[PDB]
Amino acid sequence: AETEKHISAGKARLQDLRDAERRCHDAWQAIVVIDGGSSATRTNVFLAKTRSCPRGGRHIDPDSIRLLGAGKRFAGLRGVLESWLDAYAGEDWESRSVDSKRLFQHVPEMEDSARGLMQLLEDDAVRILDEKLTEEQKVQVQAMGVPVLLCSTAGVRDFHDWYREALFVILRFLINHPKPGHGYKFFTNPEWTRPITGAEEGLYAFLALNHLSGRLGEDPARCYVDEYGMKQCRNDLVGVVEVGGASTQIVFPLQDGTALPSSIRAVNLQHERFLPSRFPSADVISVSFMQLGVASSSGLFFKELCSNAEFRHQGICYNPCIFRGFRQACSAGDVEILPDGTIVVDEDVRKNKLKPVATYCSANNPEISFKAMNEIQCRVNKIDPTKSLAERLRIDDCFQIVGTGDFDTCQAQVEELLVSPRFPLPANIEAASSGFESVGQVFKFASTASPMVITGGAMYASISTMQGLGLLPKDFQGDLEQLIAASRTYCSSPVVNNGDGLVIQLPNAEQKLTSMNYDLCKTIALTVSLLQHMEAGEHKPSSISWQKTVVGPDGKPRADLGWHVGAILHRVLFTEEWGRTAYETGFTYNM
Amino acid sequence: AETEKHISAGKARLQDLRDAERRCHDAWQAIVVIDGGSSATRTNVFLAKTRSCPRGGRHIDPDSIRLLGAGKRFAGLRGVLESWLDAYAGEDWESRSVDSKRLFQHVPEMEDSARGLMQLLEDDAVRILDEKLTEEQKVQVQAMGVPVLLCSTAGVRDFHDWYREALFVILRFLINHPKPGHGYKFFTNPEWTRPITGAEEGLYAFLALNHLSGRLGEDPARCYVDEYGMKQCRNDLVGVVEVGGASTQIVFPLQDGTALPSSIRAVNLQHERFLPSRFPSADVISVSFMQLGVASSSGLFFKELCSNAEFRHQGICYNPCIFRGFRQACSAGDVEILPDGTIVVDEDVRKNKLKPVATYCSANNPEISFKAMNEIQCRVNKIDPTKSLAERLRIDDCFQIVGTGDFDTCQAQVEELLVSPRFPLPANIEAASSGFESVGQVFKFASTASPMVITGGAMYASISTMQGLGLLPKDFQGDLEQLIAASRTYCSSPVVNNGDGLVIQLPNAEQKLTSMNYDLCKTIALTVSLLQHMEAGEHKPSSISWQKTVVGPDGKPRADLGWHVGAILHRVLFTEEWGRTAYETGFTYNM
Amino acid sequence: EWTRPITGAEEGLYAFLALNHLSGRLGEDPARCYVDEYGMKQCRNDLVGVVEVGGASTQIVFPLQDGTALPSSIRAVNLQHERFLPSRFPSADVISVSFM
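### Some points on the overall build of chain C
Counting secondary structure elements, chain C contains one helix and six strands. Each of the three principal axes of chain C carries a C-alpha extent, and together these read 45 × 30 × 25 Å. Of the contacts made within chain C by residues no fewer than 6 positions apart, 52% connect residues no fewer than 24 positions apart. Of the accessible surface of chain C, which amounts to about 6900 Å², a share of 55% is contributed by carbon and sulfur atoms. Once the 8 positive and 12 negative side-chain charges of chain C are each reduced to a mean point, those two points are 3 Å apart.

### Concerning the packing of helix α3 (residues 107-132) of chain B against helix α5 (residues 163-175) of chain B
Residue and element names in this part refer to chain B. Following both chains from N to C, one finds α3 and α5 inclined at 50°, their axes separated by 10 Å at the closest point. Of the possible angle classes, the one that applies to α3 and α5 is oblique. For the crossing formed where α3 meets α5, the hand is right-handed. Each of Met 110, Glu 111, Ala 114, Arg 115 and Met 118 in α3 lies in contact with α5, whose residues at this interface are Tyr 163, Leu 167, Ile 170, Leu 171, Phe 173 and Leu 174. Along the lines of polarity and charge, the residues of the contact of α3 with α5 split into nine nonpolar, no polar and two charged.

### What about the relation of the copies chain B and chain A?
Copy one and copy two of the chain differ by a rotation about an axis and a translation along that axis. When chain B is brought onto chain A, the operation consists of a screw motion whose angular component is 180° and whose axial shift is 0.1 Å, with 0.5 Å RMSD remaining. Expressed as a symmetry operation, the mapping of one chain copy onto the other fits a two-fold axis. The overlap is high: 98% of the interface residues of chain B also sit at the interface in chain A, so the same surface is used on both sides.

### Quick word on the UniProt feature "active site" (unreviewed entry) in chain A
Residue and element names in this part refer to chain A. Cross-referencing UniProt, the feature "active site" (unreviewed entry) maps to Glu 201 in the present numbering. Residue classification places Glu 201 among the buried residues on the basis of a relative accessible area of 11%. Reaching out from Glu 201, the side chain makes a polar contact with the side chain of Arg 157 at a distance of 3.4 Å.

### A few points about the interface of chain C and chain B
Each partner contributes residues to the interface: chain C has six residues there, and chain B has five residues. Taking both sides of the interface into account, the surface hidden between chain C and chain B amounts to around 520 Å²; carbon and sulfur atoms contribute 52%. The three residues of chain C that bury the most area against chain B are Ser 72, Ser 73 and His 81 of chain C, which together make up 70% of that side's buried surface. In this structure, the connection of chain C to chain B is made through zero salt bridges. For the pair chain C and chain B, the number of links is one residue pair in polar contact.

### Thoughts on the nonpolar core
Counting residues in hydrophobic clusters, the biggest one holds 78 residues, and the most contacted among them are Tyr 490 and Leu 513 of chain B. Per element, the largest residue contribution to this core is nine residues, and it comes from helix α16 (residues 520-536) of chain B. Those residues within four positions of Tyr 490 of chain B in sequence are excluded, and the remaining contacts are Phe 323, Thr 465, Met 466, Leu 469, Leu 471, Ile 504, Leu 506, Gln 511, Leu 520, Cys 521 and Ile 524 of chain B. Ranked by size, the runner-up nonpolar core spans 77 residues in total, among them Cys 398, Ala 446, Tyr 490 and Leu 502 of chain A.

### Comments concerning the sheet that holds strand β16 (residues 327-329) of chain A
All names here are of chain A. The mixed open sheet is built from three strands, whose spatial order is β15-β19-β16. The outermost strands of the open sheet, each flanked by one partner alone, are β15 (316-319) and β16. Each neighbouring strand pair of the sheet contributes to a mean axis angle of 25°, computed without reference to strand direction. Inspection of the sheet shows β15 paired to strand β19 (residues 400-403) by four bridges, in the parallel sense. Bridge pairing in β19 places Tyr 318 opposite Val 402. Packing against the sheet, helix α7 (residues 294-306) makes contact with β15 and β19, and its axis sits at approximately 120° to β15.

### A look at the interface of chain B and chain A
Facing 50 residues of chain B, the contacting portion of chain A comprises 49 residues. For the chain B and chain A pair, buried surface summed over both sides reaches about 4400 Å², with 60% attributable to carbon and sulfur atoms. Taken together, chain B and chain A are joined by seven salt bridges. Between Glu 111 of chain B and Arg 13 of chain A there is a salt bridge, and its shortest N-O distance comes to 3.0 Å. One can count 19 residue pairs in polar contact joining chain B with chain A. If you list the elements that add at least two residues to the side of chain B that touches chain A, you get α1 (5-22), β1 (25-36), α3, α4 (135-144), α5 and α18 (575-585) of chain B. Ranked by residue count, the leading element in the side of chain B that touches chain A is α1 of chain B, at 11 residues.

### Some remarks on the UniProt feature "binding site: ATP" (unreviewed entry) in chain C
Residue and element names in this part refer to chain C. UniProt's entry tags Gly 55, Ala 56, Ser 57, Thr 58 and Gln 59 with the feature "binding site: ATP" (unreviewed entry), counted in the numbering of this structure. Tracing the sequence through the fold places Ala 56 in the loop between β3 (50-53) and β4 (58-63). With respect to the secondary-structure elements, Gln 59 resides in strand β4. If near-sequence neighbours (up to four positions away) are discounted, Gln 59 is found in contact with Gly 8, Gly 12, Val 50, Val 51, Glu 52, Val 97 and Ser 98.

### Here's the deal with the side chain of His 211 of chain A
Among the secondary structure elements, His 211 of chain A is positioned in helix α6 (residues 198-212). Discounting residues that sit within four places of it in the chain, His 211 of chain A has contacts with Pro 62, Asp 63, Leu 216, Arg 558 and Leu 569 of chain A.

### Focus: the UniProt feature "active site" (unreviewed entry) in chain C
Residues and elements named next belong to chain C. What UniProt calls "active site" (unreviewed entry) maps, in this numbering, to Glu 11. The residue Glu 11 is located in helix α1 (residues 8-22) in this model. Taking the relative accessible area as the measure of exposure, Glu 11 reaches 37% and is therefore partly exposed.

### Concerning the state of the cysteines
Residue and element names in this part refer to chain A. In the structure shown here, the tally under the stated rule is 15 disulfides over all chains. Disulfide partner of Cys 491: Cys 521, at an S-S distance of 2.0 Å. Disulfide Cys 491 to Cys 521: torsion about the S-S bond roughly -110°, handedness left-handed. Of this pair, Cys 491 sits in helix α15 (residues 480-491) while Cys 521 sits in helix α16 (residues 521-536); the two residues are 30 residues apart in sequence, bridging distant segments of the chain. Each of the two residues, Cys 491 as well as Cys 521, counts as buried.

Rules used in this analysis
Residues numbered from 1 in each chain as written, not as in the entry; some residues may be left out. Chains lettered and ligands numbered in written order. Part of a larger assembly, values for the part shown. Heavy atoms only, no water. Helix = DSSP H or I, 4+ residues; strand = E, 2+ residues; numbered from the N terminus. Contact = heavy atoms within 4.5 Å. Areas by Shrake-Rupley, 256 points an atom, 1.4 Å probe, with all protein chains shown as cover. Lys, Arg positive; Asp, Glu negative; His and termini not counted. Charge placed at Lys NZ, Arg CZ, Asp CG, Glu CD. Axes fitted to C-alpha atoms, helices over the stretch in contact; angles between N-to-C directions. Parallel < 35°, antiparallel > 145°, perpendicular 65-115°, else oblique. Left-handed = near helix turned anticlockwise from the far one by under 90°. Nonpolar A, V, L, I, M, F, W, Y, C, P; charged D, E, K, R; others polar. Least-squares fit on C-alpha atoms. UniProt positions renumbered as here; feature names shortened; annotations may be inferred. Buried < 20%, exposed > 50% of the residue type's maximum accessible area, 1.4 Å probe, protein only. Polar contact = N/O pair within 3.5 Å; in protein donor to acceptor, adjacent residues only side chain to side chain. Buried area = accessible area lost by both parts, 1.4 Å probe. Salt bridge = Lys/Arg side-chain N within 4 Å of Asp/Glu carboxyl O. Core = buried A, V, L, I, M, F, W, Y, C linked by side-chain atoms within 4.5 Å. Pairing = 2+ DSSP bridges. Disulfide = S-S within 2.5 Å.

Pasting the structure below:
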C-alpha cells in the first residue's frame, strides 16, 4: 500500500525525463545594436528569448524582444574619420583635391583610432548586461552568443573614395574580437554591420512600429475570399512618420486602387528582402528627405528665408519661427546658450546646420559633376557648388537673426520653403525608396487610409509640452483647429531674462530656453503642415497618434520606436537564415 | 618612394581583414559513439573538421572524420538490466511471470546503476580527448559541443515491457548532464541515442565502408545516358559481409535487373532515410541473421550436431570443427582454458552460447504466443518452448564433446546447419531488412556483381592466422582451391598439452590454443561456404577482399570498419538537419 | 503508373481513401487542431475504417490507435510515406490487411 506511492513516484520520474527531451526549451539571448549617428555613436542592448524544439532548430520569439538599456554617448564615426584625414590626408583634404593612395600608409592609425571607440562600446554594453541581467539570464546570454548590429546613419553617408568601406572592415574586426574576461561572446558579420541609407532607417522604423503594436503576427489578421473567388490574406499595418536630426522618413501601406506616376514605385518588402514570404505581401510608399531633418532643415530655412528681402530689413533677418526676444549672429552655426544669457554662435564649419547640404553641393562630390543638372538644381536652392564652402554657408548683407515669434508666417514659410518647395533638392533613387521629391507629392499622388503615427524627439515633445501647458487637450488626436490655436499661443511667448537665465514666458509656466528649443515652432509648423497634407489627400488616415515608447502586455515598456528593433526584425524574422548565421556559423566562426 | 612599402603594408592588412570575413573557417569537432554490445559497453572518440561560410550554416566535412581512440570495456547494458532485475524482480523472474507494474518502485536504483556506468563512460571519453587532442584542437572542441550517439546492439533486444525504453531515457538524461569541470559539452537526443537492430548495424557498415573507400562522394562516380535517353547518375558501391559475435550482416547493391520473390524487397537508402536524396539512389539487399554470428552459430551448431546420431556414440559427441585432442563437457557454455590447459565449461545460464536463442524460444516471449506457427520453428530447430530454459540448452545423455579435426565434414555440416538449413530460424521483419532467412537464399535469388569485402574479427583472424603459418599467400584474394587446401592442413592438426598449456601442432609451427580459437575451423568453414555461394550465384562479385582498418593512401590510421562511422554518417550527411540539431538546438538546449 | 496490376492490400488502401473522402473526412483542411502535452501544434483527421469482404479477398484498413504497441513482425502503414496520400494531409497511420 505504501509500496504504491513508490510506484507512482517512479512513474513520475520516468515521465519528467521523457517530458524533458520532448518539449521545446527556451534560452535567453542578448542582441546589441550600435547606433552610429552624425554627432555620436552609442550602444543599445536588447534581450529576447530563443526557443528550440527536438526536431527543428532555434528561433527568436519576436514578441519577446525588449530594450534592456541604451548607453553613454561616444564619438561619432564621422568625427573619427575626420580626425584621421586631418592628421594624415593633408591640412586641406576638404578644400584641395584628395590623393587617396597616400593614405593606405596610416591604416593602423585608423584601426588604432577605431579600437579606442569599439573598446568603449564593448565595455559599455557589458556594463548594461551585468547591471540588468539576472544571475540566471547572464550564464545563458554568455552561452548563446550575442549578435551585434552596427548601423551608421547620416554622418558617414558623404565620405567618398574607399575610406568608409575600410572603416567598416576594421569595425567588424574589432567587434569579432571581444575581450575573453567578461564572457559575452559578441560577434557580427558584413550583413548586419553596414552603413544604412535614410530610406532603410525608414523601413526599419516601419517594421519596428507594426511589430511592437502586434500588426505583424505569425498569422495574418484576416483571410477573406475576393471578387474573383480566391483567398486573400491581409495585415492591417500602420504607417509611420519619423523626423530625425538628419532626415524625415515617411513609410506607409499602399491603397488598393491607386495609380502611381511613372518614375514612382511602391516598394514591396518581401521582394526587397525586408520581410519574409510567410507574411502577407507588403507594398509601401517609402520616402526619406535630407532637407526635412531637424538640423538640415534649420540650415536650409536660414539660407532660404534670410535671402528673401521681405525678411531681411536693414541688415537684420526676422525669423518668424524663433521666439521674440532672441537675438543671434547671422549664420547656420551651432547655437549655444551660456549660463548667464549670452548667445554664442559657432564658426567651425563642421559644426554648422548647412554643412551636410553644402558638402553634397560641392565640386568635390562626384554626384554633381556626374550630371550637369543636379548642379543647377541645388544652385537654385542657393548652395553654389562652384563657389567655396564659406560662401555657401553664409548670407551676405546679414548681421543678426532676430526672432519674431509669428506662427502664421513661420507656418507659411515652412510650408513654402521646406514642405513643398517648387524646386526641391534631389531625391535619392534606391531599392528602399519610392522616388518622390517631397511631402506635397506624396499625399497628392499616393495618400493612404491606413492609421498613422508620428515619431521623433521634437515631434513628440512639442505636442506633449503643449498638453502639459493646458494648450492642447489630453486626448489630442490631431485636430488642426486646436493645434493651430495652441501653436499661436505657445510661439508668441517672449524670451526674457529674469536673472536666472533666458526663459520662455508662457501664460502659466516658464520653460528654459536651450539650443534644442529656440526654434521649436519650425517643427510645430512642420507638424501643422504635415497634418494639412494628410487631410487634403483623396484618402485620409483613419486615425493619427504621436508615440515614442511602446508598452508591454505586462504594462511596462518593451522598447522605443525607431530603426533599432527594425534592424533586429530584418535579420530575425527570417528563421532559417538566422538559424544558420547566428547559431550555426555564429561566434565559433571567429575561432 | 621610400615608405612605398608602407602603402603596401596597409593595403595587405585591409585585404587580410577582408579575406577573413569572406572566407570559410574550419573548426575542430569531436563526436563520440558509444557501442552498447552484449558483453560490454565501450566509448569511441572521433574527430572531425567543421566548415562554416558566411551566408551559410555549418557542416561537417565527412572525409575529415578520424577515429581518435576506443575506450576501456565497461559493463554491458544487458548486465545492468539483469543486476537490477535480479535485485528487485521476482526470484527466477526469467522462469516466472512478469507483473512489471511494481518494478517502478526501483526506478531511482536503475538510475543509480546507469549513472555509475555513464560517468565511467564520460570520464573515459575525457581521458581520451585530453590525451589525443592538441591544445589548439581542445579549445575548439570544448566550444563546438560534442555529439554523442549511444547505440545499443544485441543483448538488449529481447527485453519486454517498459524496461529497455526507460533505461534509454535515463541514459540520455545522463549524457545530457556532463560534469562542468572538463568543459566537453557532451550531448545527445532521442534520435541519436537509441537501440539499433541487426539490419541497421548492417546498413551502417555499408555506409562506413563505402564512404571510407571514397565511393560515396558528393558527386556521383559515372553519369551516362541509357536506352530511353534518360540522364543517369550512379555510384559504384561495394558490398559488405560483417560476421560478428551476435549476428552476421550482408548488405550489397541490388543488381541491375534482379527479379525478387514477392516475399523479398530491396531496401532503398533514400526512402528509409539512411542516405540523403542528393546521393544517387542506393538500392540494396540487406540481411542480418541471428543464427550466424560466432556465438549464436556455435550454440545452434552444438544443438543440431549432438542430436544427430551420425556424430553420437554412447555419451560422446564427435565435432569435426574442433581440433583432434580437444575434449570438453557436452554443453554450449563458455569454454575457458585454465592456466594449466584444463578445458572447463561454464554452467551459468547467462554465459551460454545458446542463451540468446533459447530466450527467444520460450513461452515467456509473446512473439511465440503471437504466432502459433513460431512455436513450431523453435521446436524444429531443437529448442522447445514447452521445456524450461535448462532443458532447452541441454542434450540428454551427452557428456563429452571430442574434436575430430575433419574439415571436410565440418564444412558440410556448417553448410547443412547454418548456411542453408531447410527450416531456418525466423527472419527479421523491418524497414532495414530485405526479408531473406538464410545465406543460401541470398545468393541463389539476389546475387551481385559489385565487389565484396569480408569484415569481422573472426573472419580476419581465419585468413591472418594461416598467412602467419605460411599456409596461405600474403596476397590471398579468395581463391577456393588454395583455401580448402590450407584449411585441411590447419584443422587436421592435433592439439597436445605440453609444459605449455594447450598448443596446436602444425607441420612447421606451433599456435597457441585459446577459448577464442579452438573452434576457429567452424568460421573457416563459414568462409569456404560463403565464397562457394558467391561463385555459384548467377552474378559474381568482381573481386573479394578482407579488411578491418581503412588507412588512407596518405600516411596511415583513418578509422576502423564497422557500424561506428555509419552511425555518424547517418546523421551528418544530412547537412541542414545536422546544422539544426547539432548547432542550433545542440547543447544549449540542455540548459 | 495508372494502368497496372494492384495487390489485395492496395485494393484495400484504395477502399479506405474512397470511403474517407466520400464521407467528407478527407478535406483539404484537417478536422481538429489541438496542442498536446509537449506544447506541439497537432492537426488530425477523424477517419473511418473499412472492411471490404469481396469475392477473392477480405480487406480491413483502419486508423492505428493513439498508443498501440505492435509486434515486431507487424508494422503500421503510413499513407504519406508509401505515397498513397499527399503530405499536406494530416499523417495517416493505418492498419491494413488483405486475406486471400
